[PDB]
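# experimental structure and sequence below.
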Amino acid sequence: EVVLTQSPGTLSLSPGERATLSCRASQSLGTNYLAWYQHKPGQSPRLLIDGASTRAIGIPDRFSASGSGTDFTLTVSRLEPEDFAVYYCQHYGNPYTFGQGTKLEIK
Amino acid sequence: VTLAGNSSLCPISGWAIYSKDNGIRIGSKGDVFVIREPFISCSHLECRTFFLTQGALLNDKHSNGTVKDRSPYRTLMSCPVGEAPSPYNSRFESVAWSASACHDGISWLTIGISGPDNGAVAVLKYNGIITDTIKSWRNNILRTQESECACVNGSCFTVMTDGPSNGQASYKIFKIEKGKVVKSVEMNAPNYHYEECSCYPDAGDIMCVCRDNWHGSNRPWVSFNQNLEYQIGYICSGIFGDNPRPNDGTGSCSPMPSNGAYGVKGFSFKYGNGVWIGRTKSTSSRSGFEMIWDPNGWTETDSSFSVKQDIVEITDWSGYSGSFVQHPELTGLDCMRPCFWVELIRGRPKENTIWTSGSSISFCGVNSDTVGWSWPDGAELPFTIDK
Amino acid sequence: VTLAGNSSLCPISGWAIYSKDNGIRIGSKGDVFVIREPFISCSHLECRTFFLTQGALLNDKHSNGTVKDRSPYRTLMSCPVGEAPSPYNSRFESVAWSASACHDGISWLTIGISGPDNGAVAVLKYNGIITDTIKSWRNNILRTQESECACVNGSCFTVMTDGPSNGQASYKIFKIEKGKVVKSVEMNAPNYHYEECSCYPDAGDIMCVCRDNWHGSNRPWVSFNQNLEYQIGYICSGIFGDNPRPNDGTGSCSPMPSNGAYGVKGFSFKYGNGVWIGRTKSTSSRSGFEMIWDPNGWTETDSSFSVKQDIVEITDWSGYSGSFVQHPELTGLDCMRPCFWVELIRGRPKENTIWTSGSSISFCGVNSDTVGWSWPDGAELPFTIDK
Amino acid sequence: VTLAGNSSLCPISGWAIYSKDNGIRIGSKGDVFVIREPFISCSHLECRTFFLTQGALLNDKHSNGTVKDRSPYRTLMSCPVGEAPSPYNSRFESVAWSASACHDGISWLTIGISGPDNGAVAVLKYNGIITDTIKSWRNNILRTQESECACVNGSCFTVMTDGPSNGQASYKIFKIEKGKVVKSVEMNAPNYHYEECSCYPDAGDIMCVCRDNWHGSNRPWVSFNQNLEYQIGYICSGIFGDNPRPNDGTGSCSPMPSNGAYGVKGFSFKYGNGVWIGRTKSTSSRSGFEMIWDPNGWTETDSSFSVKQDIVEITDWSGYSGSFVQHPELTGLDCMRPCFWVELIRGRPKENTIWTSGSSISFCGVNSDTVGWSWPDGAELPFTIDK
Amino acid sequence: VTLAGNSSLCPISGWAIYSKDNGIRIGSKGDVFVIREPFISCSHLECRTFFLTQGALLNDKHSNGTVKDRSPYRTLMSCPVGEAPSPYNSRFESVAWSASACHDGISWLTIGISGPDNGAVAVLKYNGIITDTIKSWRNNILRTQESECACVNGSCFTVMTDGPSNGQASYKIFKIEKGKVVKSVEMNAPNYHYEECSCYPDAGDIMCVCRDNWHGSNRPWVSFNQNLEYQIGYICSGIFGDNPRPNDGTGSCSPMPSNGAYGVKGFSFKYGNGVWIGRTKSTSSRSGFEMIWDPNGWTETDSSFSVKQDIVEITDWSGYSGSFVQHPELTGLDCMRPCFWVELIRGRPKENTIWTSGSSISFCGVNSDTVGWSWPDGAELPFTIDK
Amino acid sequence: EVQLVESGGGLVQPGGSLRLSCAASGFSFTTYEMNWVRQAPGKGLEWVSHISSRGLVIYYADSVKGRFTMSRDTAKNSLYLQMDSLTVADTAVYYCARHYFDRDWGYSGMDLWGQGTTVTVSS
Amino acid sequence: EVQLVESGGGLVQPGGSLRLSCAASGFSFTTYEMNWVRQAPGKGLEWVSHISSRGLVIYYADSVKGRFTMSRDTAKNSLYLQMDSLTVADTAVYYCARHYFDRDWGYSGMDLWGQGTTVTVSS
Ligand SMILES: *[C@@H]1O[C@H](CO)[C@@H](O)[C@H](O)[C@H]1NC(C)=O
Ligand SMILES: *[C@@H]1O[C@H](CO)[C@@H](O)[C@H](O)[C@H]1NC(C)=O
Ligand SMILES: *[C@@H]1O[C@H](CO)[C@@H](O)[C@H](O)[C@H]1NC(C)=O
Ligand SMILES: *[C@@H]1O[C@H](CO)[C@@H](O)[C@H](O)[C@H]1NC(C)=O
Ligand SMILES: *[C@@H]1O[C@H](CO)[C@@H](O)[C@H](O)[C@H]1NC(C)=O
Ligand SMILES: *[C@@H]1O[C@H](CO)[C@@H](O)[C@H](O)[C@H]1NC(C)=O
Ligand SMILES: *[C@@H]1O[C@H](CO)[C@@H](O)[C@H](O)[C@H]1NC(C)=O
Ligand SMILES: *[C@@H]1O[C@H](CO)[C@@H](O)[C@H](O)[C@H]1NC(C)=O
Ligand SMILES: [Ca+2]
Ligand SMILES: [Ca+2]
Ligand SMILES: [Ca+2]
Ligand SMILES: [Ca+2]
Ligand SMILES: [Ca+2]
Ligand SMILES: [Ca+2]
């Protein structure tokens, strides 16, 4: 089994600076199959990053992601009032797990 | 009269560029299909480019989400080589999301797979008339070469796969005469994986170099005669041809497990104990392309080669590649000429567009002087529809 | 090489997809006609798709209000099968708002009806040369098959209608040889209604399955020989083929009155006492399509069938359908191969657009394994011109 | 090989519509030429539409001010009949602002006039090869038929004009064999005016009905044999064919002066003493079109006819019209079939656009039943480029 | 049927316009290639226009910066003469940024140069099949005619250059038979410069008039027989043909150094001691075009000519020009007909656009009466993409 | 124009049974793989089960294995989930999600979701 | 472009006669069906008569049957209505309307109208 640990349990910032969220894999992942989801309360989750490096269709240029091996990073250069939600990292290769999430709220 | 196949591959030293369609550069303004998986197959009079359209034109709203391979709108068409695929100069061949096609010297044989994943059916057309069908025997995704099938002596041969894409599957060789499947055997290849084979005739036999998508970073091959009596193995050259692949080192004749559990369709030509390996320049992504000549790379596990020729640069996108031949009844020579094509994928997964498509370039092997350069796709992305 | 026609229909177990043009998906950006009522007719060398253009291109301001069937701008054209109808790859055939066409083995015969409602005239062209004309004999809307006519032995046969669309009309069978109408009889069919017949040859005779637009939710048929000596009736099968139709129950050999006073053009193939019924999946709207095999559905009224094959899903739009055959001089076989096409209407009367158009798919019957799927139109509406 | 030569015209009763291209309706979105002065000429295998492009596409900024007839950018092209003239389906013929073309049964003869007004030169091409040139002999605007020339027995005949457009000019008849002008005579026709003749063969002689642009509201004619031995006169029917013209009354066989000092290209067919007159419906503007049958209108000056057939409504624009024939080696019949075409001008001088163009319709005479209707242009103006 | 070419040039007095494509006027709205350096080569059945595309369409964002001559996206294509080059009517020939092509009476020979500047390789295709390659022998920019090569008796001859563009280079004559280079000699021409030769056959020998890009404002020529036994020199007329050039004065048979260190591709026809000189009207820029007939201009320095014919006016842009011939097996004559084409460059280096392109006009020499006019490009710049 | 609508959630006592139904529109199940994802109140998303486009159920979560049953009806385009022997830890909100297996590039990632249905257990 | 214009309206005494004329432009009567619709002051629209594109008069209203006569001239593109023995209940405003019979889908519905002419009866 492979557990994904998102280092910031909660993260508070102001509307307009860089936000870096991170996931650490317990075991290296030979599959490059790791995705990022944005979950706003009262709404269905939305796919932001697929393949750990590529924005989905319709996701703005504001988000970006990168990573290698066990380290994965999601960066928002300029936050917005609607950019505050819970962020999940998912490994959809074997074994199938989600991360625990991280909440972004206005400071 | 049908094509005999008794001739051996011609002696080569290098590859001279044959065609370039500039499909995506033209498709910015013109009405050009969103295609993928092109391949070139030659008759006894001409050579044509076969492609699998997405059912939509390029830079259009119906090209949104064309990264997907299986849809009821994909069709197999063909245009003359070196021309951009447009609805106004393309010939419709079959309805398919997986296909192959070849010419026996009399009429075109077209194989087109369509249908649900657990019930896909291959529809065999000969001269545009449906002649036979092959139904999936494992009720998994049935798939075929994506390149030309091989006729020797009026009989075209093809290889199909049905089963898991990350494990042991079922592999069949089909012998087709005038659209009828006259003979077929199921290969007994445990611990092997064959996908998207690129087959060529050589000395009256057929040679296929396929893609190992399960646990191999080198390429498997299968050779058989007209009785479908086959031999299996892997290319022992330490210059791995698959992608992703490890760095060059000591190679192996069994599958290479390291960094091997995916791949890309490729090819290779066997010259005695040597091999002409066509592979991407980067070991992690489909960028670049080169042709390697390992004089002992079919049976020796060294990592030392003799000649490189550059086709695209590590900075430019590449994609699938495959092999075709020009029969002596076309070229007029006394030997079968080896050629190959490369697909240059632009769009998603890697780029921030809504579509994915690919143009193509093709080279033919010559015994005279040649040069290595970079012939990239040249399209400037994103397009208008992405804004 | 005039067709022999003494051959009988081939034995079949299913239908394999033959073509798909993706006209409306391509026509979003490309220059593709606003067509409707396509049909496929095969010569002894090729098969062509005939369509009735509206005189305008798709996604253009002249496609405004193209729900109307009769205008002085409609023309009959033809393109090779499986290709989108565009002005750059289509051949002009006739000026018509109602048409049919077929090939006798030497030259194409084209029938095209145009003119006022009370004076429409059918212009018969043979090899592109006007040879004869037929004028309306009941000074009501004169109309013809909208599918291929049938030649047996060098003589093509067609059925035309003239009279009320909600009552008794006048029905004529025409025997045409090289563009001349050599013989015609007027059918004595009281309490019957025939519109938009789909005729095929079988064992030297002609068999037409038509649309009852007055009082029949099942389909009427007429069979005749080369002397125009005819028989009339209805398809007894309790599996009704018209649309709108009631739910399946006990059927009739005479008009079925319940929920029957409209229809859609369809077809059926007679195999002894059985029948292959092609019908939409929904009983109220033109959505879906399936092929039913009732082993005793030509004479028995049971409601019980043997095989279904799915063509389109009840959630996807469908439209007219018709039957064509591939003669043994084309396929090389010894039987007449039954095939069929379906029209997939997109646009008004049920979508919120300014235009209506239709693409097509076509299937051919085979004796090998086949699969049922859904091959829908796939167009994303509304277009730009609707905004 | 050679064509016609003894065949008189066919007995006829009406006209059945042959073709309709819908050029301007299609050209709103598609890439269609800005043409004018189309004409139809038939070979022994097909019929083609020849047109004079303005060098620009329709609904484009280069179509600004295309009301002008003489520019160095006009070219003569041809497309198959009934198809919209586009750069992707048209064949280039000659560089010309005045042209005519016809087929001798072996190869196409093309005449194209270009150059300055006082030095225009006609370039005669045969099978695409320049064979001869004719230079202006009065150093005024040299002009030719704008319709097909006539071959009888391998020799094509044409009529050219050079001189004032409001006074006495110079008229020449040319006999051309395989691109060489083998004989020519200059007509001695004082007080006559011939422009834009429409010539057809009849019983081994040639008959031309031309346009009187100086002082005549009826039409002049010239008939000659293969020796260029000619006769001249006017059509003495009281049903005037020119436009503008007075109201119908007592006609005459000498130039009709009243309201006659302009015109439009037209035609007429001589049947003994009768005549089939093709003329616009309005006497002041080019609106409408009808075919009149005056059983004694070639020699008697009455104003009473026998039959009218309506072609276009008086509320719809029309334009030039001309006559072509289908030789017995094309139709297979035993007599020469008379046909005609009409040009439907849309744009300036009468609509508030920047361009002028014209589509075409064409009819062929038959001995069976026919109907009169209106087949107008159908284009919705103004276009986008006019806004 | 191979062209024996024992024939001498036909007697002529002027030039009659043959074709005009209106590529840039049409390409404003239509999908027309960004081409440059067109040329016309005739087979024994037709004449085709060969052009070097930039890989992009006109009025598109990929036409940005198409002033550059060498890129991996340029390809050699061909369309029928007089038609605008579009992806929907063009035939792909080779991948090249420098090219030439000609027809031996059996199949087309195509030469296409591509690759890096210090390693460019010419790929020789015969009937679409790669037959031979020629590699750069000075590792400088290898370049060829940009016009048709010349076959006499089944052997096509071409001239290639490799070396400095402002100094002494290396000049080779190649004799090619069915795609194989059977013989080649390297010209010993010190203090000479040959670029972009325009060669024509005359009395069984080959005559090439080239461009001196180093120190000559007149044009050099080389004549050789089938043994590649050559003669070299310059044109001695005081009517200089290069551009830029000095004013007309006393000329020289050795390089004219004054104002001569650049040039433009041109041509000339030798008639005994006379010469037909085709040159631009302005001595400083590529504007205008005229044909000069100097009855003693091949051997005498005088600046006095006999006839001028105007092609384009000094206010309209012109560009490259070259010569082609129509063999007696095409025209049917007993002599070799001289023709020529002119390229009309629009866009940068002298207009404020992002692209450069060129349309073409072509003339053929006749012995009858002709006229001089101006047939300019006619395009209205800048386009939409420049805004 | 593609839609997935879950239904079936409600209040059920411990140890009971329930069955959800996700109706899909605009696409066919014979091409895309489907998933059941649950979010407990106060916890993150959890992957319950994953079924192929070939009809093979690839994945069950460890906690629910042996108790839940996932099935589908392709002729109806419906995805089902039978829960049996429900416990108090099964209180959550359930989503039916859709992703794709590409023959060349591989798996894709859950692209399309519904709002989901709440399943709660009391007493 | 397409236009319908009525004419002929006026003050007429009871028991008189009148005849309206609707001139149409941009389309031909040989393809579309035409209608006379009247609106009384204080009442809704009423369908007076309906004529085919074949020249057959399909419908008359019950009140006007036997008194009104509807005809057309296709060469002129004109639609006519002769009213005879007018009563006080015939005071209304009249429209000529146009609809279509599609060979496949059927009747269409009155798409194009004019402003109409007022017919009033006094004393
Ligand atoms: C692409 O698809 C998404 C829906 O999946 C849609 O939101 C977007 O509008 C589309 N974009 C284009 C360019 O059509
Ligand atoms: C090749 O084909 C011919 C004709 O079918 C046949 O006679 C011959 O045996 C074939 N060659 C082999 C080795 O099978
Ligand atoms: C369609 O035609 C109508 C007239 O019925 C016009 O009002 C409408 O604006 C036109 N629409 C378009 C999109 O061309
Ligand atoms: C069959 O064809 C020939 C030629 O058309 C004709 O003579 C004969 O009457 C036909 N036979 C039948 C069965 O009518
Ligand atoms: C037409 O040309 C005139 C100048 O002759 C120009 O002012 C006008 O803007 C042009 N119109 C268009 C649409 O180009
Ligand atoms: C008609 O053609 C023949 C050649 O076939 C030729 O000899 C003759 O001069 C021509 N003219 C006539 C009708 O005499
Ligand atoms: C043309 O190219 C330049 C870069 O050389 C770029 O800045 C500009 O945006 C391009 N312009 C157009 C119109 O594409
Ligand atoms: C012409 O070609 C022939 C071969 O066909 C060759 O032998 C001959 O030498 C060539 N011409 C001359 C006169 O050299
Ligand atoms: Ca691998
Ligand atoms: Ca080695
Ligand atoms: Ca019915
Ligand atoms: Ca009379
Ligand atoms: Ca110079
Ligand atoms: Ca001189």
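Sure, I can see it. Numbering: from 1, shown residues only, chains lettered A, B, ... in the order given. Ligands and ions are numbered 1, 2, ... in the order given.
# residue F:70 - how many residues pack around it?
By other CB atoms under 10 Å in any protein chain shown, 21 other residues sit near residue F:70. (C-beta placed from N, C-alpha, C; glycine too.)
# which stretches of the chain form strands?
Since you didn't name a chain, this refers to chain A. In chain A, the strands defined using DSSP state E lie at A:4-6, A:10-13, A:19-25, A:34-39, A:46-50, A:54-55, A:63-68, A:71-76, A:86-91, A:97-98, A:103-106.
# nope, chain F
F:3-7, F:11-12, F:17-25, F:33-39, F:45-51, F:57-60, F:68-73, F:78-84, F:92-99, F:101-102, F:106-107, F:117-121.
# got the angle between the first one and strand F:92-99?
In other words, strand F:3-7. Interaxial angle, strand F:3-7 versus strand F:92-99 (axes from the mean of the first three to the mean of the last three CA atoms, to 10 degrees): 150 degrees.
# same thing with the fifth one?
Direction vectors for strand F:45-51 and strand F:92-99, defined by the same axes, to 10 degrees, enclose an angle of 50 degrees.
# show me the contacts for the residue nearest the centre of chain F.
In chain F, the C-alpha nearest the mean C-alpha coordinate belongs to residue F:36, at 2.3 Å (CA atoms, centre = their mean). By CB atoms under 8 Å, 6 or more residues apart in numbering or on different chains, residue F:36 lies in contact with F:20, F:47, F:48, F:49, F:50, F:70, F:79, F:81, F:94, F:95, F:96, F:97.
# which residues does residue B:296 contact?
B:273, B:274, B:302.
# I meant residue B:90, not that one.
B:33, B:77, B:78, B:79, C:83.
# ligand 1: which of these is nearest?
residue B:33 (17.6 Å; CB to the nearest ligand atom).
# so what's the residue count around that closest one?
28.
# try residue A:41
7.
# now do stretch A:61-74: distance from first to last residue.
Taking CA to CA, to the nearest Å, the first and last residues of stretch A:61-74 lie 12 Å apart.
# quick check: the residue of chain B nearest ligand 7.
residue B:380 (8.4 Å).
# check chain A too.
As assessed by CB to the nearest ligand atom, ligand 7 sits closest to residue A:61 within chain A, at 18.4 Å.
# OK, contacts around that residue?
Per CB under 8 Å, 6+ apart, neighbours of residue A:61: A:55, B:352.
# measure it to residue F:38 for me?
Residue A:61 is 32 Å from residue F:38, where distance means CB to CB, to the nearest Å.
# contacting residues for the residue of chain F positioned farthest from its centre?
Taking CA atoms, centre = their mean, the residue of chain F most remote from its mean C-alpha position is residue F:104, at 26.3 Å. With contact taken as CB under 8 Å, 6+ apart, residue F:104 is in contact with B:69, B:264.
# let's see it at 7 Å
With contacts defined as CB atoms under 7 Å, 6 or more residues apart in numbering or on different chains, residue F:104 is in contact with residue B:69.
# do residue B:70 as well
Residue B:70 neighbours (CB under 7 Å, 6+ apart): B:97, F:31.
# how about a cut-off of 10 Å?
Residues in contact with residue B:70 (CB atoms under 10 Å, 6 or more residues apart in numbering or on different chains) are B:97-98, B:113-117, B:120, B:141, B:143, F:30-32, F:53, F:100-103.
# need phi/psi at it.
Main-chain dihedrals, residue B:70, degrees, to the nearest 10: phi -120, psi 110.
# for residue B:251, which non-adjacent residue is closest in space?
In this structure, residue B:251 finds its nearest non-sequential neighbour in residue B:238, 3.2 Å apart by CB to CB, 6 or more residues apart in numbering or on different chains.
# let me know how buried that neighbour is, in neighbour terms.
Per other CB under 10 Å, the neighbour tally for residue B:238 reads 20.
# with residue B:245 instead?
Neighbour number of residue B:245 under other CB under 10 Å is 25.
# give me the residue from chain B nearest ligand 9.
residue B:263 (3.5 Å; CB to the ion).
# with chain A instead?
Closest approach between chain A and ligand 9, counting by CB to the ion: residue A:30, at 12.1 Å.
# now the nearest residue to that residue once chain neighbours are set aside: how far from ligand 12?
Distance criterion CB to CB, 6+ apart; nearest residue to residue A:30, sequence neighbours excluded, is residue B:261 at 7.2 Å. Separation of residue B:261 from ligand 12 (CB to the ion, to the nearest Å) stands at 93 Å.
# which ones are touching residue B:261?
A:30, A:31, B:166, B:193, B:212, B:213, B:214, B:215, B:216, B:217, B:244, F:106.
# not counting residues beside it along the chain, what's closest to whatever residue of chain F ends up closest to ligand 1?
Closest contact between chain F and ligand 1, by CB to the nearest ligand atom, is at residue F:2 (7.4 Å). Sequence neighbours aside, residue F:26 is the residue nearest to residue F:2 in space, at 3.6 Å (criterion: CB to CB, 6+ apart).
# can you pull the contacts of whichever residue of chain A sits closest to ligand 12?
As assessed by CB to the ion, ligand 12 sits closest to residue A:57 within chain A, at 75.4 Å. Taking CB under 10 Å, 6+ apart, we find residue A:57 in contact with A:47, A:50, B:64, B:65, B:67, B:348, B:352, B:353, B:354, B:355, B:386, F:111.
# so residue B:24: helix, strand or coil?
Three-state call for residue B:24 (DSSP: H, G, I helix; E, B strand; the rest coil): helix.
# what comes up buried for stretch A:67-80?
Within stretch A:67-80, the residues scored as buried using 16 or more other CB atoms under 10 Å in any protein chain shown are A:67, A:72, A:73, A:74, A:76, A:79.
# partners of the second one in the sheet?
Beta bridges link residue A:72 to residue A:23, residue A:67 when assigned by DSSP bridges.
# next up, the contacts around it.
Contacts of residue A:72 (CB under 10 Å, 6+ apart): A:4, A:6, A:21-25, A:29, A:34, A:36, A:49, A:52-53, A:65-66, A:89, A:91, A:99.
# please tell me how far it sits from residue B:117.
Residue A:72 sits at a distance of 31 Å from residue B:117 (criterion: CB to CB).
# quickly name whichever of the contacts of residue A:57 is closest to residue E:18.
residue B:355 (43.7 Å; CB to CB).
# surely that closest one meets residue B:54?
Yes: using CB atoms under 10 Å, residue B:355 makes contact with residue B:54 at a distance of 8.1 Å.
# now do the shared contacts for these two.
Residues touching both residue B:355 and residue B:54 by CB under 10 Å, 6+ apart: B:34, B:62, B:63, B:65, B:66, B:67.
# what about the last one, neighbour count?
It stands for residue B:67. Residues near residue B:67, counting by other CB under 10 Å: 20.
# what does the fifth one give?
Using other CB under 10 Å as the criterion, residue B:66 is surrounded by 25 other residues.
# find the residue closest to it in space, skipping its chain neighbours.
That would be residue B:54: by CB to CB, 6+ apart, it lies 4.4 Å from residue B:66.
# do residue B:217 as well
Distance criterion CB to CB, 6+ apart; nearest residue to residue B:217, sequence neighbours excluded, is residue B:260 at 3.4 Å.
# and chain F, which of its residues are near ligand 14?
Taking CB under 5 Å from the ion as the test, the list of chain F residues beside ligand 14 is empty.
# tell me which residue in chain A sits closest to chain E.
residue A:61 (20.1 Å; CB to the nearest CB).
# quick check on that residue: phi, psi?
phi -60, psi -20.
# now chain F against chain C: closest residue?
residue F:28 (6.4 Å).
# secondary structure element holding the residue nearest the centre of chain B?
Most central in chain B under CA atoms, centre = their mean is residue B:322, positioned 3.4 Å from the mean C-alpha point. Taking DSSP states H and E as the definition, residue B:322 sits inside strand B:321-326.
# need the strands for the stretch 51-200 of chain B, in chain order.
For the stretch 51-200 of chain B, applying DSSP state E, counting those that start in this stretch gives strands covering B:75-80, B:91-95, B:98-103, B:108-114, B:121-126, B:129-135, B:142-143, B:150-152, B:155-162, B:170-177, B:180-186, B:195-202.
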